[PDB]
């Protein structure tokens, strides 16, 4: 707490610098938002299978989106990028990362170990080794400290909402992690307790309900349409008692802004 403010300021600076190109999918001739949704949903399952941190997942997605912001990738190679990204995120973030052979295993042997290792190098080169990216998760944990009082259901629900945002590059690619975290926190808080984006955070972040509105409207719709989405791995994950079964909670019908 002698560094809370310093750290939050710094992450706000870095999230702008670590932000992927908003319009990259339109510059990708062979891949689409739909295929990316499939990839990210798959990484959620990988994260579940190997009991990886949520932060690891958020990191891998940042790496993928940044990589694809400058590198054209054929549909047959998109999973390879994702696998290499997940390996890198695991090495960065995890106490006990899965072995390389385990990442080769979950690609259903489509790619070899050598390809995974070569893609690891390429991803590193393309990102110029800059892997310490701020994530929605990093902002959420800080925002959680402003609860009155702390609520396990609010925390897991916010995490669930922030995770849903990873799936859909349209629209979430246009919003910064600190904004998605703010929208996720408000919407979680409202769904569980009826309460709202609190004043202590308006003042910490400079974000008002109004500045959060555009992301919050999108996240609201995403939350309402969640049972109908083609990708379901995040909903299935957040049924677990580990996350207090928060994906079983009913989304509020209106937000009243």
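Residue numbers count along the first chain shown, from 1.
Of the two segments examined, 103 to 111 and 163 to 171, it is 103 to 111 that shows the higher average Cα temperature factor in the deposited entry.
Legend: mean Cα B-factor per stretch from the PDB entry, 211 to 219 versus 43 to 51; the higher mean is in 211 to 219.
The top Cα temperature factor in the record, among 149, 182, 97, 82, falls on 149. Per-chain ranking of the deposited C-alpha B factor places residue 10 in the lowest third.
Sort the chain's modelled residues by C-alpha temperature factor and residue 75 lands in the highest third, per the entry. Looking at the C-alpha B-factors along this chain, the one for residue 56 belongs to the lowest third. The PDB entry assigns residue 64 a C-alpha temperature factor belonging to the lowest third of its chain's modelled residues.
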